[PDB]
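The form deposited in one PDB entry is given below as one chain in structure tokens.
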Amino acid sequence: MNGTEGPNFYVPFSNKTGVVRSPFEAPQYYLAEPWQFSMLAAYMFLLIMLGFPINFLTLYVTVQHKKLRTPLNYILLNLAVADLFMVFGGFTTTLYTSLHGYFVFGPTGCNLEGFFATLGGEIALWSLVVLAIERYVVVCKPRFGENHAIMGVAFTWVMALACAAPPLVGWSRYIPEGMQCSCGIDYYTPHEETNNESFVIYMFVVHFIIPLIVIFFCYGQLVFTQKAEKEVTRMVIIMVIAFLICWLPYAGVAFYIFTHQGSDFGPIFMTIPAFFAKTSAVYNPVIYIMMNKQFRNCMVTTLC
């Protein structure tokens, strides 16, 4: 093995020189310089200070304006609420961890950082499944109304909790990654007590591949088969593209590690894809403002 396994961690750094220390006990300065950690903390402080206002505003405008009750309006409001849980439930721990260079709050802090990012990411993925079905029904007419949109909202939380929750209670586990200042699913160790292998297969099949198959089925039916409907279909296309840009690098590296456990990689290998993925809390309302005229006008009316 080229890294160091402990009871509840896997450090991507060899202990042949004796310097490896648990990421729950001491700063991780042996594997990176302090200025590198301070870049993580500065990046996290930015996302917190932008994420809270742009998601609170999206929530506030939606509730204030009763005209915003299309399926798109409901899903975007749901994403704003899940984004706020990521910022305050999860990102507050990332920032504190990045300031000191390790999980000062220990395994509990790791569980908070990982759970809310896994929860929020899967709400976004299953929301895109809901919108793809809605677009397919609306455009191909093979009616999707208010009830179906709200039923879809509750559906996203059920599926996302079915992915984020078991690692809290004994199926897989959340474990620090990269420079050890963020947490994710354990792709690194067998750890039979938690049946790690079955959960990763379950996560990738049910909560990655099956949703993508549904989205591209509905899209395929769209392509091989009015102005207000076109504006919504155009935004959903960009929402899916943005999701792929955000999460595919992380998905590929995680799957590579899972199929190459113990291989020679360093802390930076997962650090960059992990922290790039955390932009997921911010970008959806930015698309919303740029690609939905009615909502953008409501925000200007509310703001001014």
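The term rigid core refers to the most C-alpha atoms you can superpose between the two forms while keeping them within 1.5 Å. Residue positions are given as counts along the sequence shown, with the first one as 1.
From this point on, the text means the form deposited in another entry, which you will not see here.
Residue 70: CA moves 2 Å or more between the shown form and the other one after rigid-core fitting. A displacement of less than 2 angstroms separates the C-alpha positions of residue 9 between the shown form and the other one, with the rigid core held in common. After superposition on the rigid core, the Cα atom of residue 163 is displaced by less than 2 Å between the shown form and the other one. The pair residue 289 and residue 156 is at least 3 angstroms closer at the CA level in that other deposited form than in the present model. The gap between the Cα atoms of residue 57 and residue 290 is smaller in that other deposited form, by no less than 3 Å, than in this form.
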